[PDB]
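Reproduced below: query01.csv, with CSV, C-alpha atoms and all ligand atoms.
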chain,number,residue,atom,x,y,z
A,134,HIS,CA,20.5,8.6,-3.2
A,135,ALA,CA,19.7,4.9,-2.4
A,136,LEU,CA,15.9,4.4,-2.0
A,137,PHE,CA,15.1,7.6,-4.0
A,138,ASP,CA,14.1,8.2,-7.6
A,139,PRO,CA,16.5,10.7,-9.2
A,140,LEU,CA,13.9,12.3,-11.5
A,141,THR,CA,11.0,12.9,-9.1
A,142,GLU,CA,12.6,12.5,-5.6
A,143,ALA,CA,9.9,10.1,-4.7
A,144,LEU,CA,11.2,6.8,-3.2
A,145,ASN,CA,12.5,4.3,-5.8
A,146,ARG,CA,11.4,0.7,-6.1
A,147,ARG,CA,13.6,-0.6,-3.2
A,148,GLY,CA,12.4,2.5,-1.3
A,149,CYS,CA,8.8,1.5,-1.9
A,150,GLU,CA,9.4,-2.1,-0.7
A,151,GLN,CA,11.1,-0.9,2.5
A,152,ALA,CA,8.5,1.8,3.2
A,153,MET,CA,5.7,-0.9,2.8
A,154,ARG,CA,7.5,-3.1,5.3
A,155,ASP,CA,8.1,-0.3,7.8
A,156,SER,CA,4.6,1.1,7.4
A,157,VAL,CA,3.0,-2.3,8.1
A,158,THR,CA,5.3,-2.9,11.0
A,159,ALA,CA,4.4,0.5,12.4
A,160,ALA,CA,0.7,-0.1,12.0
A,161,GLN,CA,1.1,-3.4,13.9
A,162,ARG,CA,3.4,-2.1,16.6
A,163,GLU,CA,2.1,1.4,17.1
A,164,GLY,CA,-1.6,0.7,16.2
A,165,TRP,CA,-1.6,3.3,13.5
A,166,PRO,CA,-4.0,3.0,10.6
A,167,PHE,CA,-2.5,2.5,7.1
A,168,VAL,CA,-3.9,2.7,3.6
A,169,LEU,CA,-1.8,1.6,0.6
A,170,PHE,CA,-2.4,3.0,-2.9
A,171,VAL,CA,-1.1,1.7,-6.2
A,172,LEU,CA,-1.3,4.2,-9.1
A,173,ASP,CA,-0.7,3.8,-12.8
A,174,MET,CA,-0.9,6.6,-15.3
A,175,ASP,CA,-3.3,6.3,-18.2
A,176,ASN,CA,-2.2,9.0,-20.6
A,177,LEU,CA,1.5,9.7,-20.2
A,178,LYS,CA,2.5,8.1,-23.5
A,179,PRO,CA,0.1,10.4,-25.5
A,180,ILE,CA,1.4,13.4,-23.5
A,181,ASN,CA,5.0,12.4,-24.5
A,182,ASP,CA,4.0,12.0,-28.1
A,183,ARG,CA,2.1,15.3,-28.2
A,184,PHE,CA,4.5,17.5,-26.2
A,185,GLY,CA,7.7,15.6,-25.9
A,186,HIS,CA,9.2,13.4,-23.2
A,187,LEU,CA,10.6,16.4,-21.3
A,188,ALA,CA,7.0,17.6,-20.8
A,189,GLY,CA,6.2,14.0,-19.6
A,190,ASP,CA,9.1,14.2,-17.1
A,191,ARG,CA,7.6,17.5,-15.8
A,192,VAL,CA,4.2,15.8,-15.4
A,193,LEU,CA,5.8,13.0,-13.2
A,194,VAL,CA,7.7,15.6,-11.2
A,195,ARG,CA,4.5,17.6,-10.6
A,196,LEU,CA,2.7,14.4,-9.6
A,197,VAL,CA,5.2,13.7,-6.8
A,198,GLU,CA,5.8,17.3,-5.7
A,199,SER,CA,2.0,17.9,-5.3
A,200,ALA,CA,1.7,14.6,-3.4
A,201,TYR,CA,4.4,15.8,-1.0
A,202,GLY,CA,2.1,18.8,-0.7
A,203,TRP,CA,-0.5,16.9,1.4
A,204,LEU,CA,1.3,13.7,2.6
A,205,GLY,CA,2.1,13.7,6.3
A,206,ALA,CA,5.3,13.1,8.3
A,207,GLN,CA,5.0,9.3,8.3
A,208,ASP,CA,3.3,9.1,4.9
A,209,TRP,CA,5.2,8.5,1.6
A,210,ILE,CA,5.2,8.2,-2.1
A,211,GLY,CA,7.4,6.0,-4.2
A,212,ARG,CA,8.0,5.3,-7.9
A,213,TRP,CA,7.5,1.5,-8.5
A,214,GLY,CA,9.0,2.1,-11.9
A,215,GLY,CA,8.0,3.7,-15.2
A,216,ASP,CA,4.7,5.6,-14.7
A,217,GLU,CA,3.6,3.5,-11.8
A,218,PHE,CA,3.6,4.8,-8.2
A,219,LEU,CA,2.7,3.7,-4.7
A,220,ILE,CA,1.4,5.9,-1.9
A,221,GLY,CA,1.3,5.1,1.8
A,222,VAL,CA,-1.0,7.1,4.1
A,223,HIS,CA,-1.2,6.6,7.8
A,224,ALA,CA,-4.8,7.7,8.3
A,225,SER,CA,-8.3,6.3,8.2
A,226,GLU,CA,-9.6,5.1,4.9
A,227,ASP,CA,-12.1,7.9,4.9
A,228,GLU,CA,-9.4,10.6,5.3
A,229,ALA,CA,-6.8,9.0,3.1
A,230,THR,CA,-9.3,8.3,0.2
A,231,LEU,CA,-10.9,11.8,0.3
A,232,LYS,CA,-7.5,13.5,0.1
A,233,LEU,CA,-6.2,11.2,-2.6
A,234,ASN,CA,-9.3,11.7,-4.7
A,235,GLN,CA,-9.2,15.5,-4.4
A,236,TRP,CA,-5.6,15.4,-5.3
A,237,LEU,CA,-6.2,13.2,-8.4
A,238,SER,CA,-9.1,15.4,-9.4
A,239,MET,CA,-6.8,18.5,-9.2
A,240,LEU,CA,-4.3,16.7,-11.5
A,241,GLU,CA,-6.9,16.2,-14.2
A,242,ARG,CA,-6.6,19.9,-14.8
A,247,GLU,CA,-0.7,22.1,-17.5
A,248,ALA,CA,-1.1,18.7,-19.3
A,249,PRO,CA,-4.1,16.9,-17.7
A,250,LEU,CA,-3.0,13.7,-16.0
A,251,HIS,CA,-5.3,10.6,-16.0
A,252,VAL,CA,-4.7,7.9,-13.3
A,253,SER,CA,-6.0,4.4,-12.5
A,254,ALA,CA,-5.7,3.7,-8.8
A,255,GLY,CA,-6.4,0.9,-6.3
A,256,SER,CA,-6.4,0.9,-2.5
A,257,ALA,CA,-6.1,-1.6,0.3
A,258,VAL,CA,-6.4,-1.1,4.1
A,259,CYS,CA,-3.9,-2.5,6.5
A,260,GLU,CA,-5.4,-5.0,9.0
A,261,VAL,CA,-3.9,-6.9,11.9
A,262,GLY,CA,-2.3,-10.1,10.8
A,263,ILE,CA,-1.5,-9.1,7.2
A,264,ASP,CA,2.0,-8.8,5.7
A,265,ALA,CA,3.2,-6.2,3.3
A,266,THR,CA,3.2,-8.6,0.3
A,267,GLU,CA,-0.5,-9.4,0.8
A,268,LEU,CA,-1.5,-5.7,1.3
A,269,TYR,CA,0.4,-4.9,-1.9
A,270,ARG,CA,-1.4,-7.7,-3.8
A,271,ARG,CA,-4.8,-6.3,-2.7
A,272,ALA,CA,-4.1,-2.7,-3.7
A,273,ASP,CA,-2.5,-3.9,-6.9
A,274,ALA,CA,-5.5,-6.0,-7.9
A,275,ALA,CA,-7.8,-3.1,-7.2
A,276,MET,CA,-5.7,-0.9,-9.4
A,277,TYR,CA,-6.2,-3.3,-12.4
A,278,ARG,CA,-9.9,-3.3,-11.9
A,279,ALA,CA,-9.8,0.5,-12.1
A,280,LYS,CA,-7.5,0.3,-15.1
A,281,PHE,CA,-9.6,-2.1,-17.2
A,282,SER,CA,-12.9,-0.4,-16.4
A,283,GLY,CA,-11.6,2.7,-18.2
A,284,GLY,CA,-9.1,4.4,-15.9
A,285,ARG,CA,-9.3,7.8,-14.3
A,286,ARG,CA,-10.7,6.3,-11.2
A,287,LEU,CA,-9.8,4.8,-7.8
A,288,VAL,CA,-11.2,1.3,-7.0
A,289,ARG,CA,-11.1,0.1,-3.4
A,290,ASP,CA,-10.3,-3.4,-2.3
B,130,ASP,CA,31.3,-6.9,-30.1
B,131,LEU,CA,30.3,-3.3,-29.5
B,132,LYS,CA,27.0,-3.5,-31.3
B,133,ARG,CA,25.9,-6.7,-29.5
B,134,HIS,CA,26.3,-5.1,-26.1
B,135,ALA,CA,24.7,-1.9,-27.4
B,136,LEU,CA,21.7,-3.6,-29.2
B,137,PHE,CA,20.8,-6.7,-27.3
B,138,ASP,CA,19.0,-7.5,-24.1
B,139,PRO,CA,21.4,-9.5,-21.9
B,140,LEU,CA,18.7,-11.5,-20.1
B,141,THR,CA,16.7,-12.7,-23.1
B,142,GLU,CA,19.1,-12.3,-26.1
B,143,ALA,CA,16.4,-10.4,-28.0
B,144,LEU,CA,17.3,-6.9,-29.1
B,145,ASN,CA,17.0,-4.3,-26.4
B,146,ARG,CA,15.1,-1.0,-26.8
B,147,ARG,CA,17.9,0.7,-28.8
B,148,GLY,CA,17.9,-2.4,-31.0
B,149,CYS,CA,14.1,-2.3,-31.5
B,150,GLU,CA,14.3,1.3,-32.7
B,151,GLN,CA,17.2,0.6,-35.1
B,152,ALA,CA,15.5,-2.6,-36.3
B,153,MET,CA,12.3,-0.8,-37.0
B,154,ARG,CA,14.1,1.9,-38.9
B,155,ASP,CA,16.1,-0.6,-41.0
B,156,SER,CA,13.0,-2.7,-41.7
B,157,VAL,CA,10.9,0.2,-42.9
B,158,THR,CA,13.8,1.5,-45.1
B,159,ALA,CA,14.2,-1.9,-46.7
B,160,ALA,CA,10.4,-2.0,-47.2
B,161,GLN,CA,10.2,1.5,-48.7
B,162,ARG,CA,13.4,1.0,-50.8
B,163,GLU,CA,14.0,-2.7,-51.5
B,164,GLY,CA,10.3,-3.2,-51.7
B,165,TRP,CA,9.8,-6.3,-49.5
B,166,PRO,CA,6.9,-6.7,-47.1
B,167,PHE,CA,7.1,-5.9,-43.4
B,168,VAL,CA,4.8,-6.5,-40.5
B,169,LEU,CA,5.4,-5.1,-37.0
B,170,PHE,CA,3.9,-6.7,-33.9
B,171,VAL,CA,3.8,-5.2,-30.4
B,172,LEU,CA,3.3,-7.7,-27.6
B,173,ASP,CA,2.6,-7.4,-23.9
B,174,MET,CA,2.3,-10.3,-21.5
B,175,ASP,CA,-0.9,-10.7,-19.5
B,176,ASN,CA,0.1,-13.1,-16.7
B,177,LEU,CA,3.8,-12.8,-15.8
B,178,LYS,CA,3.3,-11.3,-12.4
B,179,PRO,CA,1.5,-14.2,-10.8
B,180,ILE,CA,4.3,-16.5,-12.0
B,181,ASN,CA,6.9,-14.4,-10.1
B,182,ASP,CA,4.7,-14.2,-7.0
B,183,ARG,CA,4.6,-18.0,-6.5
B,184,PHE,CA,7.8,-19.2,-8.2
B,185,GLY,CA,10.2,-16.3,-7.8
B,186,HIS,CA,11.8,-13.9,-10.2
B,187,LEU,CA,14.3,-16.5,-11.5
B,188,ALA,CA,11.3,-18.5,-12.7
B,189,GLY,CA,9.8,-15.5,-14.3
B,190,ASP,CA,13.1,-14.7,-15.9
B,191,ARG,CA,13.0,-18.2,-17.4
B,192,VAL,CA,9.6,-17.4,-18.9
B,193,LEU,CA,10.9,-14.4,-20.7
B,194,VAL,CA,13.9,-16.4,-21.9
B,195,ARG,CA,11.7,-19.2,-23.3
B,196,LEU,CA,9.5,-16.7,-25.0
B,197,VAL,CA,12.4,-15.2,-27.0
B,198,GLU,CA,14.0,-18.6,-27.4
B,199,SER,CA,10.8,-20.1,-29.0
B,200,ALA,CA,10.5,-17.0,-31.2
B,201,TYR,CA,14.0,-17.5,-32.7
B,202,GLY,CA,12.7,-21.0,-33.5
B,203,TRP,CA,10.4,-19.7,-36.4
B,204,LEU,CA,11.7,-16.2,-37.2
B,205,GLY,CA,13.2,-15.7,-40.6
B,206,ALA,CA,16.9,-14.8,-41.3
B,207,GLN,CA,15.8,-11.1,-41.8
B,208,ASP,CA,13.1,-11.1,-39.1
B,209,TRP,CA,13.7,-10.0,-35.5
B,210,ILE,CA,12.5,-9.9,-32.0
B,211,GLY,CA,13.3,-7.2,-29.5
B,212,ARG,CA,12.5,-6.4,-25.9
B,213,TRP,CA,10.9,-2.9,-25.5
B,214,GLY,CA,11.4,-3.3,-21.8
B,215,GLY,CA,9.8,-5.3,-18.9
B,216,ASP,CA,7.5,-7.9,-20.3
B,217,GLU,CA,6.8,-6.0,-23.6
B,218,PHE,CA,8.3,-7.1,-26.9
B,219,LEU,CA,8.3,-6.2,-30.6
B,220,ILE,CA,8.6,-8.6,-33.5
B,221,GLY,CA,9.4,-7.6,-37.0
B,222,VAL,CA,8.5,-10.0,-39.8
B,223,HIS,CA,9.5,-9.5,-43.4
B,224,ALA,CA,6.7,-11.5,-45.0
B,225,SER,CA,3.1,-11.0,-46.2
B,226,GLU,CA,0.6,-10.1,-43.4
B,227,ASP,CA,-1.2,-13.4,-43.8
B,228,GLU,CA,1.9,-15.5,-43.3
B,229,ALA,CA,3.3,-13.3,-40.5
B,230,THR,CA,0.0,-13.2,-38.6
B,231,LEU,CA,-0.6,-17.0,-39.0
B,232,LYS,CA,2.9,-17.8,-37.8
B,233,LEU,CA,2.5,-15.5,-34.8
B,234,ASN,CA,-0.9,-16.8,-33.7
B,235,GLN,CA,0.3,-20.4,-34.0
B,236,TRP,CA,3.3,-19.5,-31.8
B,237,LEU,CA,1.2,-17.8,-29.2
B,238,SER,CA,-1.2,-20.8,-29.1
B,239,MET,CA,1.7,-23.0,-28.5
B,240,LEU,CA,2.8,-20.9,-25.5
B,241,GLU,CA,-0.7,-20.8,-24.1
B,247,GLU,CA,6.0,-25.3,-18.2
B,248,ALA,CA,3.8,-22.3,-17.2
B,249,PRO,CA,1.3,-21.1,-19.9
B,250,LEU,CA,1.8,-17.6,-21.3
B,251,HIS,CA,-1.0,-15.2,-22.1
B,252,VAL,CA,-0.2,-12.4,-24.5
B,253,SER,CA,-2.0,-9.3,-25.9
B,254,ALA,CA,-0.8,-8.5,-29.4
B,255,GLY,CA,-1.2,-5.8,-32.0
B,256,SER,CA,0.0,-5.6,-35.6
B,257,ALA,CA,0.5,-3.0,-38.3
B,258,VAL,CA,1.6,-3.4,-42.0
B,259,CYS,CA,4.2,-1.2,-43.6
B,260,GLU,CA,2.9,0.8,-46.6
B,261,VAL,CA,4.2,3.6,-48.7
B,262,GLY,CA,3.9,7.0,-47.0
B,263,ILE,CA,4.1,5.4,-43.6
B,264,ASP,CA,7.3,5.8,-41.5
B,265,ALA,CA,8.6,3.8,-38.5
B,266,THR,CA,7.2,6.0,-35.8
B,267,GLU,CA,3.8,5.9,-37.4
B,268,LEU,CA,4.0,2.1,-38.0
B,269,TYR,CA,4.8,1.7,-34.3
B,270,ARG,CA,1.9,3.9,-33.2
B,271,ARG,CA,-0.5,1.8,-35.2
B,272,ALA,CA,0.8,-1.5,-33.9
B,273,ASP,CA,0.9,-0.2,-30.3
B,274,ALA,CA,-2.6,1.1,-30.5
B,275,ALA,CA,-3.7,-2.3,-31.8
B,276,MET,CA,-2.0,-4.1,-28.9
B,277,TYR,CA,-3.9,-1.8,-26.4
B,278,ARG,CA,-7.2,-2.8,-28.1
B,279,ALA,CA,-6.3,-6.4,-27.7
B,280,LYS,CA,-5.3,-5.9,-24.0
B,281,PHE,CA,-8.5,-4.1,-23.1
B,282,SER,CA,-10.7,-6.6,-24.9
B,283,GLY,CA,-9.6,-9.4,-22.6
B,284,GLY,CA,-6.1,-10.1,-23.8
B,285,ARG,CA,-4.8,-13.5,-25.1
B,286,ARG,CA,-5.5,-12.3,-28.7
B,287,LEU,CA,-4.1,-10.4,-31.7
B,288,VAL,CA,-5.7,-7.2,-33.0
B,289,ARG,CA,-4.7,-5.7,-36.3
B,290,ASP,CA,-4.4,-2.0,-37.2
A,301,LIG,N1,10.5,1.6,-16.7
A,301,LIG,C1,10.4,0.8,-15.7
A,301,LIG,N2,9.2,0.4,-15.3
A,301,LIG,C2,9.0,-0.4,-14.2
A,301,LIG,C3,10.2,-0.9,-13.5
A,301,LIG,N3,9.7,-1.7,-12.5
A,301,LIG,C4,8.4,-1.7,-12.6
A,301,LIG,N4,7.9,-0.9,-13.6
A,301,LIG,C5,6.5,-0.7,-14.0
A,301,LIG,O1,5.7,-1.3,-13.1
A,301,LIG,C6,4.9,-2.4,-13.7
A,301,LIG,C7,4.7,-3.6,-12.8
A,301,LIG,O2,6.0,-4.0,-12.4
A,301,LIG,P1,6.1,-5.3,-11.5
A,301,LIG,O3,5.2,-5.1,-10.3
A,301,LIG,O4,7.5,-5.6,-11.2
A,301,LIG,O5,5.5,-6.6,-12.3
A,301,LIG,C8,6.2,-7.0,-13.5
A,301,LIG,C9,7.1,-8.2,-13.3
A,301,LIG,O6,6.4,-9.0,-12.3
A,301,LIG,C10,7.2,-8.9,-14.6
A,301,LIG,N5,8.6,-8.6,-15.2
A,301,LIG,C11,8.9,-7.6,-16.0
A,301,LIG,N6,10.3,-7.7,-16.3
A,301,LIG,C12,10.7,-8.7,-15.7
A,301,LIG,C13,12.1,-9.4,-15.6
A,301,LIG,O7,13.1,-9.0,-16.2
A,301,LIG,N7,12.1,-10.6,-14.9
A,301,LIG,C14,11.0,-11.1,-14.2
A,301,LIG,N8,11.2,-12.2,-13.4
A,301,LIG,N9,9.8,-10.5,-14.2
A,301,LIG,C15,9.6,-9.3,-15.0
A,301,LIG,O8,6.1,-8.3,-15.4
A,301,LIG,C16,5.3,-7.4,-14.6
A,301,LIG,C17,4.7,-6.3,-15.4
A,301,LIG,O9,5.7,-5.6,-16.1
A,301,LIG,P2,5.3,-4.3,-16.9
A,301,LIG,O10,4.2,-4.7,-17.9
A,301,LIG,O11,6.5,-3.7,-17.6
A,301,LIG,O12,4.7,-3.2,-16.0
A,301,LIG,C18,5.6,-2.7,-15.0
A,301,LIG,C19,6.2,-1.4,-15.3
A,301,LIG,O13,5.3,-0.6,-16.1
A,301,LIG,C20,11.5,-0.5,-14.0
A,301,LIG,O14,12.5,-0.9,-13.4
A,301,LIG,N10,11.5,0.3,-15.0
A,302,LIG,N1,11.2,-2.6,-16.7
A,302,LIG,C1,11.2,-1.8,-17.8
A,302,LIG,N2,10.0,-1.7,-18.6
A,302,LIG,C2,10.0,-0.9,-19.7
A,302,LIG,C3,11.2,-0.2,-20.0
A,302,LIG,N3,10.9,0.5,-21.2
A,302,LIG,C4,9.6,0.2,-21.5
A,302,LIG,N4,9.1,-0.7,-20.6
A,302,LIG,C5,7.7,-1.3,-20.7
A,302,LIG,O1,7.1,-0.9,-21.9
A,302,LIG,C6,5.9,-0.1,-21.6
A,302,LIG,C7,5.7,1.1,-22.5
A,302,LIG,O2,6.9,1.9,-22.5
A,302,LIG,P1,6.9,3.2,-23.3
A,302,LIG,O3,6.6,2.9,-24.7
A,302,LIG,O4,8.3,3.9,-23.1
A,302,LIG,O5,5.8,4.2,-22.8
A,302,LIG,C8,5.9,4.8,-21.5
A,302,LIG,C9,6.3,6.2,-21.5
A,302,LIG,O6,5.8,6.9,-22.6
A,302,LIG,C10,5.9,6.8,-20.2
A,302,LIG,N5,7.0,6.9,-19.2
A,302,LIG,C11,7.4,6.0,-18.3
A,302,LIG,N6,8.5,6.4,-17.6
A,302,LIG,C12,8.7,7.7,-18.0
A,302,LIG,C13,9.7,8.8,-17.7
A,302,LIG,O7,10.5,8.6,-16.9
A,302,LIG,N7,9.6,9.9,-18.4
A,302,LIG,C14,8.6,10.1,-19.4
A,302,LIG,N8,8.6,11.3,-20.0
A,302,LIG,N9,7.7,9.2,-19.7
A,302,LIG,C15,7.7,8.0,-19.1
A,302,LIG,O8,4.8,5.9,-19.8
A,302,LIG,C16,4.6,4.9,-20.8
A,302,LIG,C17,4.1,3.5,-20.2
A,302,LIG,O9,5.0,3.1,-19.2
A,302,LIG,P2,4.8,1.7,-18.5
A,302,LIG,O10,3.4,1.7,-17.9
A,302,LIG,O11,5.8,1.5,-17.4
A,302,LIG,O12,4.8,0.5,-19.6
A,302,LIG,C18,6.1,0.3,-20.2
A,302,LIG,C19,6.9,-0.8,-19.6
A,302,LIG,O13,6.0,-1.8,-19.1
A,302,LIG,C20,12.4,-0.3,-19.1
A,302,LIG,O14,13.4,0.4,-19.4
A,302,LIG,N10,12.3,-1.1,-18.1
A,303,MG,MG,2.1,2.0,-16.4
A,304,MG,MG,3.6,-5.2,-19.7

Could you show the structure in this file as structure tokens?
Amino acid sequence: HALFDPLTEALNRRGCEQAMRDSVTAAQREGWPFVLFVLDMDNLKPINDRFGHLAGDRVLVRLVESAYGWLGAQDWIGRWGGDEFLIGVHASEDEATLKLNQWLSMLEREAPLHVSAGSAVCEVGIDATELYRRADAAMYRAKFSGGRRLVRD
Amino acid sequence: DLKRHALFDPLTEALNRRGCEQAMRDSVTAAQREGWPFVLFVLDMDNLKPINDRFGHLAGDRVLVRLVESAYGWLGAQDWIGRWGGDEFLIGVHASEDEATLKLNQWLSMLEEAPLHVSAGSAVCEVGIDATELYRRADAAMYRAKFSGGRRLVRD
């Protein structure tokens, strides 16, 4: 399906781009809060080497399925590509971040998944590209400081 | 005709992933059997994204094209360059480690038109070591370079 990743059923790259545009438009038109997360796996390659790529595929599927487990009606999760994902949550930073962190903590428990993540909060007067740039930059700070963490913009 | 479409990356003209895997296999075999030296490099760009952001993807495409183009400018007749995918590349050099490494650093210095920043890792083929293992060593070395600040080459 267009806009959807065949393996995980999360949105695909073009799905992510459209979702970001629609979520930012919604925040600015409906007044809804919006937090964008950029996630990059830290240990999928070693999981693939140790248990095989099918095990790795399962890990990605689990990641997305479990996310759909707490994401709301207007929320979303998309696969940017490879082992990199984006998550859009229409809630306060407090709520969004607490749920995301608890979710990531749960995933560190069958092959444990380690994730580097960054977040950015939608604000009036910002466009989707700039929001993405902020969340993306935060993710790299998380990544290079060791991973297995969420750094806020 | 068939092979070229099956083993080469259309955009850059470097080998594609299938080509990288077959090139690594052949290079290790030649090293283990024919006895010549072989050094494998794993490279990952550090600053391509900002280039796309301000200049567009066509400009970024040109960066990848120039990278491979310049490589073919010094690579030997039996050496090779492949695109693992995205902005990640592998280079196979059938020469002694010193020669291979010196040639690579000289090339990366030249690239550092928009300047290119690259994280690189190398591994040398030795008896008892297969292609998958050689790749793992070079790959791990690249990651050490990347997390140490990038724009450098780390050896296994
Ligand atoms: N398997 C797979 N993974 C994907 C795909 N799209 C995105 N990713 C994953 O997401 C990361 C960042 O992608 P990006 O934001 O487009 O940021 C990219 C992009 O700006 C640039 N880049 C990569 N390939 C090309 C290309 O063919 N043309 C141009 N202009 N830029 C490229 O380099 C940046 C980093 O690339 P990576 O290190 O590979 O890191 C990539 C990759 O791990 C995909 O279609 N398939
Ligand atoms: N655009 C593009 N880029 C490519 C492609 N193939 C490789 N790359 C680039 O090369 C990096 C390492 O790829 P890998 O060795 O397969 O190592 C991969 C792989 O072991 C795993 N992975 C990614 N996607 C999948 C998947 O669908 N299934 C499984 N089992 N593992 C995956 O995560 C590792 C790192 O992925 P990345 O962070 O994305 O980082 C990727 C990506 O930046 C491609 O077809 N298209
Ligand atoms: Mg990744
Ligand atoms: Mg890369």

Item checked: Contacts of residue 173 (chain A) within 7 Å, all atoms listed in the file, excl. fewer than 4 positions in-chain, as a PyMOL selection string -> chain A and resi 216-218+252-254

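With only C-alpha atoms as the basis for measurement, A:223 is the residue among A:223, A:251, A:285, A:280 that approaches residue 159 (chain A) most closely.
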
Next item on the list: Identify every residue of chain A that has at least one atom within 9 Å of any atom of chain B, counting all atoms listed in the file, and report the result as a list in words.
Entry: residues 281, 282 and 283 of chain A

Item checked: Protein and nucleic acid residues within 10 Å of ligand MG 304 (chain A) (only C-alpha atoms and all ligand atoms) as a PyMOL selection string -> chain B and resi 172-178+213-218+252-253+280

Check: Which residue gives the smallest distance to ligand LIG 302 (chain A) among B:236, B:277, B:285, B:166, with all atoms listed in the file counted?
Finding: B:277

Could the residues of region 156-254 of chain A that have an atom at most 10 Å from region 260-272 of chain A be listed as JSON lines, each with its closest atom pair and the distance in Å to one decimal, counting only C-alpha atoms and ordered by chain and ascending residue number?
{"residue": "A:156", "atom": "CA", "partner": "A:265", "partner_atom": "CA", "distance": 8.5}
{"residue": "A:157", "atom": "CA", "partner": "A:265", "partner_atom": "CA", "distance": 6.2}
{"residue": "A:158", "atom": "CA", "partner": "A:264", "partner_atom": "CA", "distance": 8.6}
{"residue": "A:160", "atom": "CA", "partner": "A:261", "partner_atom": "CA", "distance": 8.2}
{"residue": "A:161", "atom": "CA", "partner": "A:261", "partner_atom": "CA", "distance": 6.4}
{"residue": "A:162", "atom": "CA", "partner": "A:261", "partner_atom": "CA", "distance": 9.9}
{"residue": "A:164", "atom": "CA", "partner": "A:261", "partner_atom": "CA", "distance": 9.0}
{"residue": "A:166", "atom": "CA", "partner": "A:260", "partner_atom": "CA", "distance": 8.3}
{"residue": "A:167", "atom": "CA", "partner": "A:260", "partner_atom": "CA", "distance": 8.3}
{"residue": "A:168", "atom": "CA", "partner": "A:268", "partner_atom": "CA", "distance": 9.0}
{"residue": "A:169", "atom": "CA", "partner": "A:272", "partner_atom": "CA", "distance": 6.5}
{"residue": "A:170", "atom": "CA", "partner": "A:272", "partner_atom": "CA", "distance": 6.0}
{"residue": "A:171", "atom": "CA", "partner": "A:272", "partner_atom": "CA", "distance": 5.9}
{"residue": "A:172", "atom": "CA", "partner": "A:272", "partner_atom": "CA", "distance": 9.2}
{"residue": "A:219", "atom": "CA", "partner": "A:269", "partner_atom": "CA", "distance": 9.3}
{"residue": "A:254", "atom": "CA", "partner": "A:272", "partner_atom": "CA", "distance": 8.3}

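Of note, CA of residue 212 (chain B) and CA of residue 194 (chain A) are spaced 26.9 Å apart.
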
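Candidate residues A:241, A:290, A:273, A:182 were compared for distance to ligand LIG 302 (chain A), and the nearest is A:182, using only C-alpha atoms and all ligand atoms.
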
Residues of chain A at most 12 Å from ligand LIG 302 (chain A): nearest atom pair and distance in Å, only C-alpha atoms and all ligand atoms, as CSV:
residue,atom,partner,partner_atom,distance
A:138,CA,A:LIG302,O7,10.0
A:139,CA,A:LIG302,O7,10.0
A:140,CA,A:LIG302,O7,7.4
A:141,CA,A:LIG302,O7,8.9
A:146,CA,A:LIG302,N1,11.1
A:172,CA,A:LIG302,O10,10.3
A:173,CA,A:LIG302,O10,6.9
A:174,CA,A:LIG302,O10,7.0
A:175,CA,A:LIG302,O10,8.1
A:176,CA,A:LIG302,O8,7.7
A:177,CA,A:LIG302,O8,5.0
A:178,CA,A:LIG302,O6,3.6
A:179,CA,A:LIG302,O6,7.3
A:180,CA,A:LIG302,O6,7.9
A:181,CA,A:LIG302,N8,5.9
A:182,CA,A:LIG302,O6,7.7
A:183,CA,A:LIG302,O6,10.8
A:184,CA,A:LIG302,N8,9.7
A:185,CA,A:LIG302,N8,7.4
A:186,CA,A:LIG302,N8,3.9
A:187,CA,A:LIG302,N8,5.6
A:188,CA,A:LIG302,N8,6.5
A:189,CA,A:LIG302,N8,3.6
A:190,CA,A:LIG302,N8,4.1
A:191,CA,A:LIG302,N8,7.6
A:192,CA,A:LIG302,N8,7.8
A:193,CA,A:LIG302,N7,7.1
A:194,CA,A:LIG302,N7,9.4
A:212,CA,A:LIG302,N6,9.8
A:213,CA,A:LIG302,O11,9.1
A:214,CA,A:LIG302,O11,6.4
A:215,CA,A:LIG302,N6,3.6
A:216,CA,A:LIG302,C11,4.5
A:217,CA,A:LIG302,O11,6.3
A:218,CA,A:LIG302,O11,10.0
A:250,CA,A:LIG302,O8,11.7
A:251,CA,A:LIG302,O8,11.8
A:252,CA,A:LIG302,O10,11.2
A:253,CA,A:LIG302,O10,11.2
A:280,CA,A:LIG302,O10,11.3

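Considering the residues B:168, B:239, B:250, B:135 and counting only C-alpha atoms, residue 284 (chain B) has its shortest atom-to-atom contact with B:250.
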
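Between CA of residue 199 (chain B) and CA of residue 142 (chain B) the interatomic distance comes to 11.8 Å.
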
Next item on the list: Excluding residue 269 (chain B) and any residue of its chain fewer than 6 positions from it, enumerate the residues within 10 Å of it, using only C-alpha atoms, and give them as an MDAnalysis selection string.
Entry: chainID B and resid 150 153 169:171 219 255:259 275

Next item on the list: Please indicate the distance in Å from CA of residue 211 (chain A) to CA of residue 143 (chain A), rounded to one decimal place.
Entry: 4.8 Å

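The neighbours of residue 221 (chain B) here are the residues that come within 10 Å of it, using all atoms listed in the file and leaving out any residue fewer than 3 positions away in the same chain; they are residues 149, 152, 153, 156, 157, 167, 168, 169, 170, 171, 204, 205, 207, 208, 209, 210, 211, 224, 229 and 256 of chain B.
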
Check: So which one's closest to residue 251 (chain B), B:287, B:188, B:143, B:136? Using all atoms listed in the file, please.
Finding: B:287

Check: What's the 12 Å shell around residue 203 (chain B), counting all atoms listed in the file, without same-chain residues fewer than 6 positions away, as a PyMOL selection string?
Finding: chain B and resi 196-197+209-210+220+222+228-229+231-237
